[PDB]
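A short worksheet on the structure shown next.
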Amino acid sequence: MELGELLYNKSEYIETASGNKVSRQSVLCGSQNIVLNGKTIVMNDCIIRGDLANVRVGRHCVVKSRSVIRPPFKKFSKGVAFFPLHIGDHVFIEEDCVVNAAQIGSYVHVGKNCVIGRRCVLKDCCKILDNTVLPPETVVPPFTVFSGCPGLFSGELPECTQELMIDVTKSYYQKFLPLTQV
Amino acid sequence: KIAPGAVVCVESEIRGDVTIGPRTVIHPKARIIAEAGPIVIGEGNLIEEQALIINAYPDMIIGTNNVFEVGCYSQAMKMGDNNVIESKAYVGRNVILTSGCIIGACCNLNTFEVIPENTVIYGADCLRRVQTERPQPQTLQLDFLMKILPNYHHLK
Amino acid sequence: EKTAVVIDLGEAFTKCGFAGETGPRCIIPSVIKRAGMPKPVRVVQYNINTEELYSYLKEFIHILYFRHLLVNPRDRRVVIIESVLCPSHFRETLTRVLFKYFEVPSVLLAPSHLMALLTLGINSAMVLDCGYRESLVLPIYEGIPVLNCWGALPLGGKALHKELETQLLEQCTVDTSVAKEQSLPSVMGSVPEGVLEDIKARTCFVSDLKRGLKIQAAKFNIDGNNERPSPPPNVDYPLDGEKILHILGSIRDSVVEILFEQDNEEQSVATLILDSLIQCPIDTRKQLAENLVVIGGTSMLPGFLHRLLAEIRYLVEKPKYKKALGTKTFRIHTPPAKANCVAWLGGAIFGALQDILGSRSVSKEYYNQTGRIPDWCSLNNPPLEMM
Amino acid sequence: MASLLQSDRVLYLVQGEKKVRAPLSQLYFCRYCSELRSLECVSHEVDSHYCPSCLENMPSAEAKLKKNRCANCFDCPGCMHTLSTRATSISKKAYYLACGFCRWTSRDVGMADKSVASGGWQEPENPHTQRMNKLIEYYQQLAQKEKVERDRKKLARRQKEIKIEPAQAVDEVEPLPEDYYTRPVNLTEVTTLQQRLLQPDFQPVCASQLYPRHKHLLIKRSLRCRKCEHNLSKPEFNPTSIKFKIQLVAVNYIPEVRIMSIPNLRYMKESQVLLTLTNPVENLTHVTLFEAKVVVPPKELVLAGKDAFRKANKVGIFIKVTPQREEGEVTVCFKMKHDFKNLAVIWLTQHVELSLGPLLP
Ligand SMILES: [Zn+2]
Ligand SMILES: [Zn+2]
Ligand SMILES: [Zn+2]
């Protein structure tokens, strides 16, 4: 797979001191509560809701266009508990994804147009296939595959997936270069 | 027309003749398009991000306390009370939703059917399960919505 | 010692489980599910290049073992026959896939009609076993099963789908997603079997004979003589595709009248037992009449049995069997375990069979040496006991 | 990642009892015999049982006794998703099961609330269990007498009788109730064929009789080489652990070939395909390629240690391909010879198949 240079319009993305590439169309609500660890790329129309709870994004994370990252809220009979949304390192989230997870581990790949239920916990090296609906409080064990509507356990991933995931996430950021005018 | 106590975000795209009932909250990037006729949104309704409500010509009365989750698309002529449309659900032009209906995420309601009260539609095959136990009266979820909706969004 | 395994065999394909009576009866309908294939593929075909099959059993077997049941296959081996009439493939092939892919450490193979009587404590006849095709009647004596009085029909229920696809198409409104009434055909050229089934599964039932016959009178509206009664109430079936299949209440009533038509053909769903009793020794009919056993999923079709028996009894008065047999009753012996379950149990029973089991079993060794497994239908069955 | 990187275009042949061609990322390399092994050619063993929902570990003896099922977790008969236990305060905690996805609850079937969060939910026992136990004991006694008779016959060539009452036959079968002839059928009240088959002991017709069944346990599998009996992959016994004791994946031992660019392929027209060869080890690796017809460079390539073009431990090489078929997919096979340092110099020859895709007209 000749990972071609993902040449972007240099005017559309702001590079931060930590190396984050964030589109000008990105919606950052409660930015004081949104911590993007270095080498993160946030694409067009991405919505991150940090107003009521912290959103912590790990290293080399890629958030594709129209992805909505919202921390889950737990309603108790005496008040509403605000849970921080934790995303691990090398997490890649496809387009049109709805994320309500309490925690997403490292090396997790979330497929296109996936809906993650409130307070789901995704462990490290998890794979969610395209158009998968995870019910609330679903816990995805490490190296497991869930797919379908509802998203059911289909099988486990080989251990080699972690080694592949490291190279792809690092290469993806390196290939995401500003459009050098030819 | 924004009713007293309704919260409409500056990032909300509202086009046409739209009436927003009291305590209704519209999140950023919501799109409400009243082209074929006026869209009437009742009291206490929640419309989340990427929700798309279109009243289009064949080329809309929405009841009280309905929830429209992220990326929902609704073309329904009529909706009852206390309905929940989950993320990426599609409700077709000729779907009649009564009161207490739950439409699961990624369900496609294209059928010319009046959905009976207390029906849950779930799965890729849109299986209708008549809930034989009274769904816990949503009085508990309405109490949270009435106390939470005015507190988490900058009321104009 | 560890006992035992139980195999899919027809309506029975869903019967995966392991012994004793506690096992799950894991539902496998059984298909592959191969990626490049249209799915599913039914891999259960006779008259199949065996290679195709080879690779299929290999994979299924691998699968079932692999996952489905905890198996640790080298220690438990059972093959049930729900067939006597299985041709040598694929049995040859089944073994063949064992055997070397799957090293098999002796296997006993056994028929359903024997595994049938195991539960009632009855060692005597009649056994009617009805399920995926081809239905079998076989008096079992005490001891020998007697093939000479061997009988077989369709269906059992495979043909009910034509009867149903057809009839669905012969009724006809689907109320489509566009609120139009449309033809079934052509919105759909076909009705997938899963629909058909589902509809069947829950909608078909067998009527009492006095009126089972008025249903027949609908066909035969003779000179206006119809006395087919009003049907039950109609049903909106919701159909997938966000279509609605309206169903007349009248179909529930007709489909099941296949089982029972009398053409110029004999009404055979109903005989079988009658064409065999006339074949059976007189000295044993005394047990056979009266002591009847019915196993097989299709007799879960309700009201089936009502008629059934009425019919049969009915027929006992047709002279032809009457003068031939004289009369008497019939009594049903039935387990409490479900119709599908008796094969399965008599597989569990068989773990009890361990002192015997390895003896009446076909050796691995032998097979390694010849590879010949006896068939009743072979001129060389070796005496396996030479080894 | 394997499907994202199109690893399915480059297959390596494993020479064993069965010839298997698969992507290098799906294969294991046996350092003890220095041979490539497929997932199909290796032996699969059961290491541990676990529940995917409660993450409880079950010993193999316990899984056997419990028929490989989770004792506390159940499957919702409505959607096959695992149920969760919920509590309500009654003027004392009362517990019921509910599904987060389809909203199904144990109350939908009339099941009374429990005082305990787990263990109070029991499946109906089979009413005929005692009948089977008596029949089994009867046939075991007969099998013992018959076995002795066979042993006496073989030697010659070289106990209160269990009385079982036969099942009483019913004289008349229950007729179909009159309600079925005139009553409207509600399709939502009756269970589907799949829902009936989930309870094979009694197969409920009505949804109110459709009880939740215990969740199936999953298994952690270990992989061993059949030729040398050494482990190629061994996870830890605890289902919550992401660590492996042994990870001998082939991609860490054999140079990895990838297709970077495919030219417009035409019948009998020589075209240059761009491959990348990546050295997986920190040491210098020497690789020579040997022969649609494919023509490979005859010179030995030296790849830098892992710390068209040369960049670190990967080199881009052009090969010439001439399609020999008028229609279909263009596939080429070649032998890749490289040196191997066996830390457990051996020359290893790998058969590599490339799938370039459909031939253009
Ligand atoms: Zn437990
Ligand atoms: Zn459920
Ligand atoms: Zn070797």
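Each chain in the structure tokens gets a letter, A, B, ..., in the order shown, and its residues are numbered from 1; ligands are numbered from 1 in order too.
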
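For residue 277 (chain D), the list of residues within 9 Å, based on only C-alpha atoms and with local chain neighbours fewer than 5 positions off taken out, reads residues 255, 256, 257, 258, 303, 313, 314, 315, 316 and 317 of chain D.
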
Writer output for current selection, N, CA, C and O atoms, as a PDB file, in the first residue's frame:
ATOM      1  N   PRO D 255      12.054 -11.208   5.175  1.00  0.00           N
ATOM      2  CA  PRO D 255      11.874  -9.940   4.476  1.00  0.00           C
ATOM      3  C   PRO D 255      10.456  -9.776   3.924  1.00  0.00           C
ATOM      4  O   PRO D 255       9.922 -10.660   3.261  1.00  0.00           O
ATOM      5  N   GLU D 256       9.828  -8.641   4.216  1.00  0.00           N
ATOM      6  CA  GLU D 256       8.439  -8.405   3.841  1.00  0.00           C
ATOM      7  C   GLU D 256       8.361  -7.676   2.498  1.00  0.00           C
ATOM      8  O   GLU D 256       8.795  -6.528   2.376  1.00  0.00           O
ATOM      9  N   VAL D 257       7.760  -8.336   1.510  1.00  0.00           N
ATOM     10  CA  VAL D 257       7.459  -7.779   0.184  1.00  0.00           C
ATOM     11  C   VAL D 257       6.106  -7.067   0.202  1.00  0.00           C
ATOM     12  O   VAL D 257       5.107  -7.629   0.647  1.00  0.00           O
ATOM     13  N   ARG D 258       6.041  -5.848  -0.341  1.00  0.00           N
ATOM     14  CA  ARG D 258       4.786  -5.109  -0.567  1.00  0.00           C
ATOM     15  C   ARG D 258       4.765  -4.498  -1.955  1.00  0.00           C
ATOM     16  O   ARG D 258       5.789  -4.019  -2.435  1.00  0.00           O
ATOM     17  N   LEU D 303      20.068  -5.303   2.144  1.00  0.00           N
ATOM     18  CA  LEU D 303      19.169  -4.431   2.890  1.00  0.00           C
ATOM     19  C   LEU D 303      19.825  -4.008   4.200  1.00  0.00           C
ATOM     20  O   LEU D 303      20.318  -4.848   4.957  1.00  0.00           O
ATOM     21  N   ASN D 313      16.090   0.496   6.040  1.00  0.00           N
ATOM     22  CA  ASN D 313      15.991  -0.961   5.914  1.00  0.00           C
ATOM     23  C   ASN D 313      15.049  -1.445   4.787  1.00  0.00           C
ATOM     24  O   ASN D 313      14.739  -2.636   4.706  1.00  0.00           O
ATOM     25  N   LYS D 314      14.540  -0.532   3.953  1.00  0.00           N
ATOM     26  CA  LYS D 314      13.655  -0.829   2.821  1.00  0.00           C
ATOM     27  C   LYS D 314      14.213  -0.273   1.518  1.00  0.00           C
ATOM     28  O   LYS D 314      14.617   0.885   1.448  1.00  0.00           O
ATOM     29  N   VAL D 315      14.139  -1.086   0.470  1.00  0.00           N
ATOM     30  CA  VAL D 315      14.574  -0.729  -0.885  1.00  0.00           C
ATOM     31  C   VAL D 315      13.437  -0.998  -1.864  1.00  0.00           C
ATOM     32  O   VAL D 315      12.769  -2.028  -1.774  1.00  0.00           O
ATOM     33  N   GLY D 316      13.186  -0.061  -2.774  1.00  0.00           N
ATOM     34  CA  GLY D 316      12.192  -0.188  -3.832  1.00  0.00           C
ATOM     35  C   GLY D 316      12.828  -0.792  -5.079  1.00  0.00           C
ATOM     36  O   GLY D 316      13.803  -0.239  -5.573  1.00  0.00           O
ATOM     37  N   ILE D 317      12.285  -1.897  -5.582  1.00  0.00           N
ATOM     38  CA  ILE D 317      12.807  -2.610  -6.755  1.00  0.00           C
ATOM     39  C   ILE D 317      11.738  -2.761  -7.829  1.00  0.00           C
ATOM     40  O   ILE D 317      10.589  -3.101  -7.533  1.00  0.00           O
TER      41      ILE D 317
END

Exercise answer, 6 Å around ligand 2 with only C-alpha atoms and all ligand atoms, as a PyMOL selection string:
chain D and resi 76+78-81+99+101-102+104

Keeping only C-alpha atoms, write those residues as a tab-separated table (two decimals), in the first residue's frame.
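selection.tsv was written with the following content:
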chain	number	residue	atom	x	y	z
D	76	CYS	CA	-31.30	-11.59	25.68
D	78	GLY	CA	-34.83	-10.47	21.89
D	79	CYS	CA	-31.48	-9.47	20.23
D	80	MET	CA	-28.83	-12.00	21.55
D	81	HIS	CA	-26.99	-9.22	23.46
D	99	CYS	CA	-30.90	-5.12	27.72
D	101	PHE	CA	-30.00	-2.18	23.14
D	102	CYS	CA	-33.57	-3.58	22.62
D	104	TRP	CA	-36.06	-6.14	26.88

I'd like the contact shell of residue 98 (chain D) - 6 Å cut-off, only C-alpha atoms, skipping same-chain residues fewer than 6 positions apart - returned as a PyMOL selection string.
chain D and resi 83-84+104-105

Could you please tell me, as a short mmCIF file (atom, residue, chain, number, x, y, z; two decimals) with C-alpha atoms, in the first residue's frame, which residues of chain A have an atom within 9 Å of chain B when using only C-alpha atoms?
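Wrote it out as selection_18.cif, contents follow:
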data_model
loop_
_atom_site.label_atom_id
_atom_site.label_comp_id
_atom_site.auth_asym_id
_atom_site.auth_seq_id
_atom_site.Cartn_x
_atom_site.Cartn_y
_atom_site.Cartn_z
CA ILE A 47 -16.92 18.19 17.15
CA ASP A 51 -17.50 22.10 28.17
CA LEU A 52 -18.63 19.88 31.10
CA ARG A 66 -17.75 14.81 11.06
CA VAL A 68 -18.44 13.64 17.28
CA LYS A 75 -27.75 10.59 35.64
CA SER A 77 -31.28 10.46 41.39
CA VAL A 80 -25.39 14.28 37.10
CA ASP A 96 -19.15 9.96 10.57
CA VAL A 98 -20.38 8.95 17.09
CA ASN A 113 -20.26 5.36 10.42
CA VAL A 115 -22.14 4.38 16.80
CA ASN A 131 -21.73 0.40 10.50
CA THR A 132 -21.42 -1.27 13.95
CA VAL A 133 -23.73 -0.26 16.84
CA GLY A 148 -23.26 -5.65 13.18
CA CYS A 149 -26.48 -4.02 14.41
CA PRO A 150 -26.27 -4.94 17.30
#

Using only C-alpha atoms and all ligand atoms, find each protein or nucleic acid residue lying at most 9 Å from ligand 3; present the set as a PyMOL selection string.
chain D and resi 15-16+33-36+227-228

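Distance annotation: of D:243, D:21, D:215, D:128, the residue with the minimal separation from chain A is D:243; atom set is only C-alpha atoms.
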
Would you give me, as a ChimeraX atom specification, the residues of chain D that come within 7 Å of chain B, using only C-alpha atoms?
/D:102,107-108,188

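Atom pair CA of residue 115 (chain B) / CA of residue 65 (chain B) has a distance of 18.0 Å (rounded to one decimal).
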
Up to 6 Å from chain A, what residues of chain D turn up? Count only C-alpha atoms and give them as a short mmCIF file (atom, residue, chain, number, x, y, z; two decimals) with N, CA and C atoms, in the first residue's frame.
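Final output, iface_20.cif:
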data_model
loop_
_atom_site.label_atom_id
_atom_site.label_comp_id
_atom_site.auth_asym_id
_atom_site.auth_seq_id
_atom_site.Cartn_x
_atom_site.Cartn_y
_atom_site.Cartn_z
N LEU D 5 -3.81 -2.14 4.47
CA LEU D 5 -2.52 -2.16 3.77
C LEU D 5 -2.49 -3.13 2.57
N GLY D 100 -29.62 -3.08 27.28
CA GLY D 100 -29.40 -1.68 26.91
C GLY D 100 -29.77 -1.34 25.46
N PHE D 101 -29.78 -2.34 24.58
CA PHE D 101 -30.00 -2.18 23.14
C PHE D 101 -31.49 -2.24 22.77
N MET D 260 3.90 -1.39 -4.19
CA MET D 260 3.72 0.05 -4.06
C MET D 260 2.95 0.65 -5.23
#

Quick one: residues within 7 Å of ligand 1, with only C-alpha atoms and all ligand atoms, as number ranges by chain?
D: 54, 56, 70-72

Saved selection, atoms kept: N, CA, C and O atoms, as an mmCIF file, in the first residue's frame:
data_model
loop_
_atom_site.group_PDB
_atom_site.id
_atom_site.type_symbol
_atom_site.label_atom_id
_atom_site.label_comp_id
_atom_site.auth_asym_id
_atom_site.auth_seq_id
_atom_site.Cartn_x
_atom_site.Cartn_y
_atom_site.Cartn_z
ATOM 1 N N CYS D 54 -18.537 -10.426 31.612
ATOM 2 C CA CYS D 54 -18.058 -10.226 32.987
ATOM 3 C C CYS D 54 -16.543 -10.422 33.152
ATOM 4 O O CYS D 54 -16.031 -10.156 34.229
ATOM 5 N N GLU D 56 -14.693 -12.902 33.648
ATOM 6 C CA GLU D 56 -14.349 -13.973 34.576
ATOM 7 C C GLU D 56 -13.620 -15.092 33.836
ATOM 8 O O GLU D 56 -14.036 -15.504 32.744
ATOM 9 N N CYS D 70 -21.329 -19.243 30.890
ATOM 10 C CA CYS D 70 -21.160 -18.300 31.993
ATOM 11 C C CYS D 70 -22.339 -18.404 32.967
ATOM 12 O O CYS D 70 -23.477 -18.226 32.558
ATOM 13 N N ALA D 71 -22.074 -18.601 34.260
ATOM 14 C CA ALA D 71 -23.127 -18.817 35.259
ATOM 15 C C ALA D 71 -23.934 -17.546 35.604
ATOM 16 O O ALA D 71 -25.098 -17.641 35.963
ATOM 17 N N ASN D 72 -23.330 -16.362 35.500
ATOM 18 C CA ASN D 72 -23.974 -15.109 35.902
ATOM 19 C C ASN D 72 -24.542 -14.314 34.719
ATOM 20 O O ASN D 72 -25.427 -13.481 34.890
#

Check region 97-259 of chain D with DSSP on the backbone and list each residue it calls helix (DSSP H, G or I), as JSON, numbers by chain.
{"D": [106, 107, 108, 109, 129, 130, 131, 132, 133, 134, 135, 136, 137, 138, 139, 140, 141, 142, 143, 144, 145, 146, 147, 148, 149, 150, 151, 152, 153, 154, 155, 156, 157, 179, 180, 181, 182, 193, 194, 195, 196, 197, 207, 208, 209, 250, 251, 252]}

Cut-off 9 Å: closest chain B/chain C atom pairs per residue, using only C-alpha atoms, as a tab-separated table:
residue	atom	partner	partner_atom	distance
B:94	CA	C:178	CA	8.1
B:108	CA	C:242	CA	8.1
B:109	CA	C:242	CA	6.7
B:110	CA	C:242	CA	5.5
B:111	CA	C:242	CA	4.4
B:112	CA	C:177	CA	5.3
B:113	CA	C:177	CA	8.6
B:125	CA	C:240	CA	6.8
B:126	CA	C:240	CA	8.1
B:127	CA	C:240	CA	8.8

For the residues in the current selection, export N, CA and C atoms as a CSV table (one decimal), in the first residue's frame.
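Written file, result.csv:
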chain,number,residue,atom,x,y,z
B,94,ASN,N,-43.5,8.8,5.0
B,94,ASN,CA,-44.9,8.3,5.3
B,94,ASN,C,-45.0,7.5,6.5
B,108,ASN,N,-33.9,1.7,9.4
B,108,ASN,CA,-34.5,2.4,8.2
B,108,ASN,C,-36.1,2.1,8.2
B,109,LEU,N,-36.9,3.1,8.6
B,109,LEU,CA,-38.3,3.0,8.6
B,109,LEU,C,-38.9,3.5,7.3
B,110,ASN,N,-38.9,2.7,6.3
B,110,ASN,CA,-39.5,3.1,5.0
B,110,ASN,C,-40.9,2.6,4.8
B,111,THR,N,-41.5,1.8,5.7
B,111,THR,CA,-42.8,1.2,5.6
B,111,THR,C,-43.9,2.2,5.8
B,112,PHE,N,-45.0,2.0,5.1
B,112,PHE,CA,-46.2,2.8,5.1
B,112,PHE,C,-47.1,2.3,6.3
B,113,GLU,N,-46.5,2.4,7.5
B,113,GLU,CA,-47.2,1.8,8.7
B,113,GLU,C,-47.3,2.8,9.8
B,125,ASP,N,-32.6,-5.6,10.7
B,125,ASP,CA,-33.9,-6.1,10.1
B,125,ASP,C,-35.1,-5.3,10.7
B,126,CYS,N,-34.9,-4.3,11.5
B,126,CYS,CA,-35.9,-3.4,12.1
B,126,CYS,C,-37.0,-4.2,12.8
B,127,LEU,N,-36.7,-5.2,13.6
B,127,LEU,CA,-37.6,-6.0,14.2
B,127,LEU,C,-38.4,-5.2,15.2

If DSSP is run on the backbone, what residues of region 181-285 of chain D are strand (DSSP E or B)? A reply as a ChimeraX atom specification would be ideal.
/D:190,206,213-216,218-224,231-235,244-247,249,256-261,266,269,271-278,285

Identify every residue of chain D that has at least one atom within 9 Å of any atom of chain C, counting only C-alpha atoms, and report the result as a ChimeraX atom specification.
/D:44-46,63-64,67-68,126-129,131-132,135-137,139-140,143-144,146-147,164-177,180-187,190-194,197-203,205,218-219

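Proximity of D:148, D:27, D:354, D:254 to residue 10 (chain D), computed with only C-alpha atoms, is greatest for D:354.
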
Tell me, as a PyMOL selection string, which residues lie within 10 Å of residue 16 (chain A), counting only C-alpha atoms; anything in the same chain fewer than 6 positions away does not count.
chain A and resi 22+36+38-40

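Taking only C-alpha atoms, the non-local environment of residue 2 (chain B) within 7 Å (same-chain residues fewer than 3 positions away omitted) comprises residues 6, 19 and 20 of chain B.
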
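With CA of residue 257 (chain C) on one side and CA of residue 207 (chain D) on the other, the separation reads 28.1 Å.
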